[PDB]
Amino acid sequence: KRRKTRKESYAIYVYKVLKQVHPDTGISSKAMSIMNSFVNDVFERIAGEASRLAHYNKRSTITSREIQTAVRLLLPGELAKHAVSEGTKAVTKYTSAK
Amino acid sequence: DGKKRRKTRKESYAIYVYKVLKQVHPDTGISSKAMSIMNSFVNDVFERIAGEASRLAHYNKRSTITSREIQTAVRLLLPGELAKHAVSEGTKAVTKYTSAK
Amino acid sequence: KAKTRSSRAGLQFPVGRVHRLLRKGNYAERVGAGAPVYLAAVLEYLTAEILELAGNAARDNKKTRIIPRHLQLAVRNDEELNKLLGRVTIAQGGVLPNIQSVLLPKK
Amino acid sequence: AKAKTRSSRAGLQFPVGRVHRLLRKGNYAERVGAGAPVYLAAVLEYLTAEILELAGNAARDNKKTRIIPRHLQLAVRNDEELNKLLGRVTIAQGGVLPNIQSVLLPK
Amino acid sequence: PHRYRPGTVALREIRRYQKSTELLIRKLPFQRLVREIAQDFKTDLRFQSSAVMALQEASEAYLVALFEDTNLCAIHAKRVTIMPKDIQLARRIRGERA
Amino acid sequence: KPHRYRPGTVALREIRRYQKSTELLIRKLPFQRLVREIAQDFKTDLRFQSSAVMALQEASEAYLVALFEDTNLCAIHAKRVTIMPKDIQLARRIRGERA
Amino acid sequence: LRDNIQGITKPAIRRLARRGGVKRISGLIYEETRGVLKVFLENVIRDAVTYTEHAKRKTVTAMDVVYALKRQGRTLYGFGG
Amino acid sequence: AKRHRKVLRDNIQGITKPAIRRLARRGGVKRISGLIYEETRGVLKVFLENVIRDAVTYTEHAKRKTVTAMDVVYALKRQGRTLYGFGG
DNA sequence: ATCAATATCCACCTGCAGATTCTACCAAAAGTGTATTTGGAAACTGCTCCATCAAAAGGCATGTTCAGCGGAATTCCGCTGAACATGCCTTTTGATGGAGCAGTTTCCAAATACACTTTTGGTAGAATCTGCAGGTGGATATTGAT
DNA sequence: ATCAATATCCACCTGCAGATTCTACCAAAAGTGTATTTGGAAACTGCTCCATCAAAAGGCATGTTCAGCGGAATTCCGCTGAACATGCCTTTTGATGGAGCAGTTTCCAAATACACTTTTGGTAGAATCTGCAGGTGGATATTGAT
Ligand SMILES: NC(=O)COCCOCC(N)=O
Ligand SMILES: [Cl-]
Ligand SMILES: [Cl-]
Ligand SMILES: [Cl-]
Ligand SMILES: [Cl-]
Ligand SMILES: [Mn+2]
Ligand SMILES: [Mn+2]
Ligand SMILES: [Mn+2]
Ligand SMILES: [Mn+2]
Ligand SMILES: [Mn+2]
Ligand SMILES: [Mn+2]
Ligand SMILES: [Mn+2]
Ligand SMILES: [Mn+2]
Ligand SMILES: [Mn+2]
Ligand SMILES: [Mn+2]
Ligand SMILES: [Mn+2]
Ligand SMILES: [Mn+2]
Ligand SMILES: [Mn+2]
Ligand SMILES: [Mn+2]
């Protein structure tokens, strides 16, 4: 009769992406844990690099621009190209809307 | 006057490094290039210890970096004998500081 | 009434959550509005890239469920992902079949 | 009415006040305890003392009165723990430790 | 009177284990080893089962990758047999000995 | 009747000489052009602080010297005293720069 | 008897080598391997224990290990992060 | 626009055989194969391309046109090759 | 080349651990409007230092000759690991108390941002000082031919 | 094992760049005191899931035989080190235009903390459903002896 504090994870969001890429494909529990680790890992690396970028340039704010440069610093060629395009597209749609 | 321009001052650990140098080797000097290396060393270790302390606090869901986080960070970062001595100097400094106000 | 930032950006990944994680993670004093959106998009895209390749590996093995093994095959067989995860161990992933030619039976 | 530096109170040469401030601007955490910067300044001061002790000795060994990068490198690389602490660090103008593999020697 | 020549079964084993993902060291012995080593750092410790497994996954992945490097060193010296000096060279270049 | 040191003697002398000093071993101007040429291919119209070029040279030489130490070890491992491309290739592969 | 480190048997070490693509193994490899594994475990466990003590626990958790592996440059996926 | 900045080309050859010999000597090398020089040039080119790419990325992010010693130092740190002696 | 012993494959089958589906619960979180605050772009511009042409010159790269001896191909044999069958003892598996990892609530020692007040670490300037780089040469090794 | 061609050691000597010395001034910073706020140590403790024990499971320790790998011994081609002549281009000492990095101040687009309110996202006890690991059968490829 306690509670068991909520332990967040990207599991549900990863699953949605899975269905968009392979509608008829499942994923085991262990595999999903691996994907959660992956998402957390990339988040930390990108955010950390963006953090250093802001600091190096004596800025108190982490903007889409730091995330972008961070992406170019961290991801390999083609991967960086697409990540940047996806990032820019998402911000546009977000800005260009309400 | 005129349109002077206060070149923003750049801080360094130089004067403090100098003081420690004389304590250990009273008659030994240090070139500017070596001092730049020493300044890089202190900043590097500062960043590493602070970074380890930061993650450590986060891992334990704490929002405060205390001497206890610094101590654990020092043990994780420093090899054997250096850690042991760093911990003593650190502990001693804190215990002394807290008996002074 | 209110609309999730994710929906506005047209993403599956939680922009609101990413935003929250950015500050609590102590990355900077302030966080621009577009930062969490851009970041969520990058995370979603990378997620899609690996699941895409992992799904294919599963299909190639005549399976419908992606397991660790499939994530490893997808990553290690992809030059860029392999590089990105060059210092990561995927539990229960095994390794790629590979035998140095000089070890093979005599022609 | 007697304002003593936190360093003096702590019996240190390194700047506690500066260290406290750097910890804040570095955004390492939301909050910083009072003993944190004292402990950290002590450790930085101790490590400096350790490397300067060894570098000064290297300088004396080479009949020099002024410590140069070469002396800092000689001190770090000849010391097991400092060498490990700085295993991925390059000291400019430090050169390397004299070391010729046995098999390369004559006769 | 069947008998496979030296190397045939070895080759067969390489293909088998490179196809599977299961742990190769037995659990119990590994767990005792882990507990014994930890005892030197802190007495009366307990381990979550997942902690030991994580330790075993990382240890085997490390040893498997080291064996690959070790094999490259043996082959470099024109041998097909790995020796201690091969493991030593590999670790030195990786900077684990260095 | 002329004097001549045996092959390897001067080489050993050079090792001792260079392991004792710390000066950069690559000509400065040529290195600077290399840096400017490479940078230019990435982005045109770039300028360089003189210390940026020196930092690149100190880092580049330290990287190469340490790589030659590893390479020498691979050659010695194969019972040779002469370093060859494959020694460099093995060293970089084990270091994880290549594979 | 047979003390712990020896528990890591010859057949086990051979299986690891096989997965690593090794065809022939010298008799001296087995002891060399155990020594190497011991060093690996000591390094990782020492750090995992340090995280455990810092959290004031008596139980080493998977996360303690994951964090230890990560600072050692050996990130592991599948156990929390 | 200002004038002529002579086309930069083939500067990798500026890394001469004697220079490579010297580096190998500091590295404890006693004998060197004739093919080492080109192999070494290729390795240095990769090393420099990687560091310079990151350093320039820092430059552009800061909206500068001048690569600073700090841009290089930060780039080296990123790649696990921390350099002491040039700030930071 | 010809059997003969084994391993390897593939199509098929089905038990079941683990993934999917349903239901009720609810605290943790995220969206937006309002008020208050400010980081950092914008515009003007001081001034550091980067690109560069200038010129003399010797440190050092280039290109060649010559042959010492290292790399590598070959032969070969002692021996050390691979393959294999035998019998057993260690690991695996499932059941079970209870040690602590946590969920919950309490409440004070301690972490600030702001206003003051002040000591000091930085720095621009020129002005005397000094450790040692580098040239010289004479005394002591190190080499290599005989 | 004596000898000569050379490199190496080295304490003495000194021009000079780098280091040290100060007068000067000063804006950026840090220290004690409220006054306000709260993170997280602390005490209590429910509920996992960890250590442990016994029975069922099945991998491994062990000695023999010998295939074939590793490395010693020998051979010699030709590559690479040493030495040398020639002269080029890097290095050094200087100076200048001015690109562009950076100091200073005006100011608004944008960011932040509640307070109020909504619907998710995560947890959990219950029943139901399935992808696929092994298990079997028969065919056939692989390996190895002759
Ligand atoms: N919602 C806000 O912006 C209020 O922040 C100010 C509270 O901090 C204490 C103080 N003296 O500033
Ligand atoms: Cl503290
Ligand atoms: Cl933004
Ligand atoms: Cl060996
Ligand atoms: Cl080669
Ligand atoms: Mn070009
Ligand atoms: Mn401002
Ligand atoms: Mn020429
Ligand atoms: Mn030979
Ligand atoms: Mn044997
Ligand atoms: Mn209890
Ligand atoms: Mn002063
Ligand atoms: Mn000298
Ligand atoms: Mn609280
Ligand atoms: Mn052989
Ligand atoms: Mn301009
Ligand atoms: Mn829901
Ligand atoms: Mn099957
Ligand atoms: Mn059958």
Side-chain angles (χ1 to χ4, degrees), chain A residues 1-9 12 26 28-29 59-61, chain B residues 3-12 15 29 31-32 62-64 101, chain C residues 1-5 14 16-17 19-20 29-33 63-65, chain D residues 1 3-6 17-18 20-21 31-34 64-66, chain E residues 1-10 12 26-29 46-49 78-81, chain F residues 1-11 13 27-30 47-50 80-82, chain G residues 2 7 9-11 24-27 57-59 61, chain H residues 5 16-19 31-34 64-66 68:
Chain A
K1 63 180 186 81
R2 297 176 123 39
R3 177 219 279 179
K4 152 56 191 227
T5 54
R6 296 180 15 141
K7 208 300 179 270
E8 294 178 5
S9 115
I12 65 179
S28 76
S29 179
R59 300 296 194 229
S60 312
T61 309
Chain B
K3 204 54 171 202
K4 57 145 192 266
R5 239 123 71 148
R6 171 254 179 192
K7 181 173 173 178
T8 183
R9 56 178 248 165
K10 44 190 176 148
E11 299 178 345
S12 90
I15 70 175
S31 72
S32 53
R62 298 300 192 234
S63 37
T64 316
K101 193 175 183 181
Chain C
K1 298 179 178 193
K3 197 63 175 317
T4 65
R5 287 189 266 173
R17 182 177 286 190
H19 195 301
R20 182 193 102 227
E29 286 295 334
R30 318 182 126 196
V31 179
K63 294 180 182 157
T64 56
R65 188 183 295 137
Chain D
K4 288 180 174 191
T5 60
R6 297 201 256 159
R18 181 123 102 206
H20 187 332
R21 181 190 107 228
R31 296 152 29 116
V32 175
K64 302 297 188 310
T65 253
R66 186 183 292 129
Chain E
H2 188 277
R3 203 182 175 77
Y4 285 115
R5 289 183 308 131
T8 299
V9 186
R12 180 153 77 226
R26 273 123 92 52
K27 301 175 186 267
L28 185 59
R46 292 172 143 245
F47 278 87
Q48 292 187 323
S49 65
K78 298 169 182 289
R79 290 184 269 103
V80 297
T81 310
Chain F
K1 235 302 187 187
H3 185 280
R4 170 173 285 261
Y5 286 109
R6 304 174 70 189
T9 296
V10 179
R13 174 188 308 155
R27 296 288 85 213
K28 297 298 175 47
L29 179 56
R47 300 197 134 219
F48 273 89
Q49 286 185 336
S50 63
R80 289 183 275 105
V81 295
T82 310
Chain G
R2 215 192 61 207
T9 69
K10 176 181 180 179
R24 196 162 184 279
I25 309 170
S26 146
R57 295 188 253 99
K58 291 185 171 211
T59 314
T61 64
Chain H
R5 295 168 181 187
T16 70
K17 173 180 174 166
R31 196 160 191 276
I32 305 170
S33 153
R64 288 187 263 99
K65 294 180 179 196
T66 309
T68 58

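Letters A, B, ... are given to chains in the order of the sequence lines, protein chains preceding strands, and every chain is numbered from 1. What's counted below: heavy atoms across the whole structure, side chains too, no hydrogens, waters or symmetry copies.
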Classify the nucleic acid contact of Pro1(E) as base, sugar-phosphate or nothing, counting any heavy atom under 4.0 Å across all strands shown. nothing
Taking atom P in both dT128(I) and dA99(J), what distance in whole Å separates the two? 40 Å
Pairing stems for DNA chain J [at least three consecutive pairs; Watson-Crick or G-U; under 3.5 angstrom]: I:1-17 with J:130-146, I:32-41 with J:106-115, I:45-53 with J:94-102, I:55-85 with J:62-92, I:88-102 with J:45-59, I:107-112 with J:35-40, I:116-118 with J:29-31, I:120-122 with J:25-27, I:139-141 with J:6-8
Check whether any side-chain N or O of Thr9(F) sits under 4.0 Å from OP1 or OP2 of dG144(I), and answer yes or no. yes
Nucleotide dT123(I), atom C1' - distance to NZ of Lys7(B) in whole Å: 9 Å
Return the CZ to CD distance between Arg57(G) and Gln48(E), rounded to the nearest 0.5 Å. 7.5 Å
In whole Å, what separates the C1' atom of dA17(I) from that of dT93(I)? 15 Å
Using a cut-off of less than 4.0 Å, is there contact between a side-chain N or O of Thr64(B) and OP1 or OP2 of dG40(J)? yes
Which listed nucleotide (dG103(J), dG70(J), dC69(I)) is nearest to the side chain of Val80(E)? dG70(J)
Enter the distance from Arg6(D):CZ to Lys101(B):NZ here, rounded to the nearest 0.5 Å. 9.0 Å
Please check the phosphate of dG31(I) (OP1 and OP2 only) for any side-chain N or O of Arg5(C) closer than 4.0 Å. yes
Which part of the nucleic acid, if any, lies within contact of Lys10(G), taking any heavy atom under 4.0 Å across all strands shown: a base, the sugar-phosphate backbone alone, or nothing? nothing
5' precedence on DNA chain I between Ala10(E) and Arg66(D) (nearest-nucleotide basis): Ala10(E)
Nearest non-hydrogen partners of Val9(E) and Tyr4(E), listed with the distance: CG2-CB, 3.8 Å
Counting only distance, no hydrogens or angles, is the base of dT38(I) paired donor-acceptor with the side chain of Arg30(C) under 3.5 Å? no
Length of the line joining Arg6(B):CZ and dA28(J):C1', which is rounded to integer Å: 7 Å
Ignoring the backbone of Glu8(A), work out which of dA5(I), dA29(I), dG100(J) is nearest its side chain. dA29(I)
Out of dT62(I), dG103(J), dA102(J), minimum distance to the side chain of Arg64(H) belongs to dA102(J)
Spacing between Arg6(F) atom CZ and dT146(I) atom P, to the nearest angstrom: 13 Å
For a quick test of reading the model, state the closest non-hydrogen atom pair linking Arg31(H) to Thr82(F) and the distance between them. NH1-OG1, 2.8 Å
Of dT32(I), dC47(J), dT143(J), the nucleotide closest to the side chain of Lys3(C) is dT32(I)
Pairwise side-chain contact, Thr16(H) with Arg27(F), heavy-atom cut-off 4.5 Å (strictly under): no
Need one value for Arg80(F): base, sugar-phosphate or nothing, where a base atom within 4.0 Å counts as base even if backbone is also close, heavy atoms only. sugar-phosphate
Rounding to a whole Å, what distance do you find between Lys1(A):NZ and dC47(J):P? 7 Å
Closest-nucleotide 5' rank along DNA chain J - winner of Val31(C) and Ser31(B): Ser31(B)
Closest to the 5' end of DNA chain I, once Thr81(E) and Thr82(F) are matched to their nearest nucleotides, is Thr82(F)
Which part of the nucleic acid, if any, lies within contact of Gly32(C), taking any heavy atom under 4.0 Å across all strands shown: a base, the sugar-phosphate backbone alone, or nothing? sugar-phosphate
Whole-Å gap separating P (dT91(J)) and CG (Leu29(F)): 6 Å
Closer to the 5' end of DNA chain J via nearest nucleotide, is it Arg27(F) or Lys63(C)? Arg27(F)
Straight-line distance of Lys63(C) NZ to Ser28(A) OG, nearest 0.5 Å: 10.5 Å
Categorize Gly7(G) for me: base, sugar-phosphate, or nothing, with a 4.0 angstrom heavy-atom threshold over every strand shown. nothing
Under 4.0 Å, counting only non-hydrogen atoms across every strand here, what does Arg3(E) touch: a base, just sugar-phosphate, or nothing? base
Phosphate-side-chain proximity, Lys101(B) and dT32(J), N/O vs OP1/OP2 below 4.0 Å: yes
Does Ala33(C) reach a base, just sugar-phosphate, or nothing at all? Heavy atoms under 4.0 Å. sugar-phosphate
Closest approach to the side chain of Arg12(E), judged atom by atom: which nucleotide of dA7(I), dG100(I), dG71(I) is it? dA7(I)
Do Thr61(A) and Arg30(C) meet the criterion of a side-chain donor-acceptor pair at a distance under 3.5 Å? no
Among the nucleotides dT104(J), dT80(J), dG122(J), which one has an atom lying closest to any side-chain atom of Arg6(A)? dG122(J)
At what distance, to the nearest 0.5 angstrom, does OG of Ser12(B) lie from CZ of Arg18(D)? 7.0 Å
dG31(I), OP1 or OP2 - any side-chain N/O from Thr4(C) closer than 4.0 Å? no
Distance below 4.0 Å between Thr65(D) side-chain N/O and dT130(I) OP1 or OP2: no
Expressed in angstrom and rounded to an integer, what is the separation of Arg59(A) atom CZ from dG39(I) atom P? 12 Å
I want to verify a distance call: between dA29(I), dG100(J), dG71(I), whose nearest atom is closest to the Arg31(H) side chain? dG71(I)
Which whole number of Å gives the distance between the P atom of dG70(I) and that of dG144(I)? 13 Å
Base, sugar-phosphate alone, or nothing: which one does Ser32(B) contact when heavy atoms must sit under 4.0 Å apart? sugar-phosphate
From the set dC69(J), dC101(J), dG121(J), return the single nucleotide nearest to any side-chain atom of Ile12(A). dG121(J)
For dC3(J), does the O4'-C1'-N9-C4 (purine) or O4'-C1'-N1-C2 (pyrimidine) torsion place it in syn, i.e. within 90° of 0, or in anti? syn
Grab the CZ-P distance between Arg3(A) and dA102(I) for me, whole Å please. 14 Å
Checking contacts here: which listed nucleotide (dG71(I), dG70(J), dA30(I)) is nearest the side-chain heavy atoms of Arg17(C)? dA30(I)
When all nucleic acid strands are considered with a 4.0 Å heavy-atom cut-off, which category describes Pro2(F): base, sugar-phosphate, or nothing? nothing
Considering every strand and a 4.0 Å limit on heavy-atom distances, what is the contact class for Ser12(B): base, sugar-phosphate, or nothing? sugar-phosphate
Over all heavy atoms of both residues, which pair between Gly7(G) and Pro29(E) is shortest? Give the atoms and the distance, please. O-CB, 3.6 Å
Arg5(B) atom CZ is separated from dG100(J) atom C1', nearest whole Å, by 13 Å
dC26(J) to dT105(J) separation - P atoms, rounded to the nearest Å: 15 Å
Count the heavy atoms belonging to other residues, nucleotides or ligands that lie under 6.0 Å from CZ of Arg12(E), then report whether that count exceeds 12. yes
